[PDB]
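Below, in structure tokens: the form deposited in one PDB entry, a single chain.
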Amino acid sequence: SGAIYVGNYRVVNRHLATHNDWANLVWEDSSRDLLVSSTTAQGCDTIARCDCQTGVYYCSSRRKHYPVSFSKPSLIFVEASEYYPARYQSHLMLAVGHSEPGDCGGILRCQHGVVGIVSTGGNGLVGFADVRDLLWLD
């Protein structure tokens, strides 16, 4: 679990969005596993606007932050799940690191701000949904 709070927006994994997120929908994209909903209170976070390929992510299944090197945002094949059929997930960045399904929503940050959130994983892999291209967030 986890979300980004910027301005009057809340950014979450689309597959974890609540009834309230859908009732206050701003934008969603199944191909990116992202959903943005509106909030009444002002948000705490800054979004990075950079091309960093190194950063730190929070891993809830270890209660720890880990440093990572990650690939540039791209179209990557993701196996069928309870939430989506087999498809290419876009704007996804992969890195070598530990992750489990419940780690989705953990923030990836660089020196400039929030880069994205955990969205996929594998055997010693972790994938992040990029948010740096969503200029309208701030």
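Shifts are known only where both forms have a C-alpha. For the two forms, the rigid core is made up of the largest set of C-alpha atoms that agree within 1.5 Å on superposition. Numbers follow the displayed sequence, beginning with 1.
Mean Cα B-factor comparison, 105-113 or 81-89, giving the higher one as deposited | Higher mean C-alpha B-factor: 81-89.
Average Cα temperature factor in the PDB entry - higher stretch of 42-50, 64-72 = The deposited B-factors put 42-50 ahead on the C-alpha mean.
Thinking about Cα B factors across the chain, which third does residue 124 belong to?
-> According to the entry, residue 124 has a C-alpha B-factor in the chain's middle third.
CA B-factor placement of residue 131, once the chain's modelled residues are sorted into thirds = CA B-factor rank for residue 131: lowest third.
Which third, lowest, middle or highest, does the CA B-factor of residue 23 fall in along this chain?
-> Its C-alpha B-factor belongs to the highest third of this chain's values.
Keep in mind that the form deposited in another entry is not shown, yet the notes after this line are about it.
Comparing between the shown form and the other one on the rigid core: C-alpha of residue 27 shifted by 2 Å or more?
-> After core superposition, the displacement of the residue 27 C-alpha between the shown form and the other one stays below 2 Å, so no.
Taking the rigid core as reference, does the Cα of residue 87 move 2 Å or more between the shown form and the other one?
-> It does, since the residue 87 C-alpha is displaced 2 Å or more between the shown form and the other one after the core fit.
Relative to the superposed rigid core, which consecutive-residue segments of length 3 or more display CA displacements of 2 Å or more between the shown form and the other one?
-> Three-plus residue run displaced between the shown form and the other one: 79-87, uniquely.
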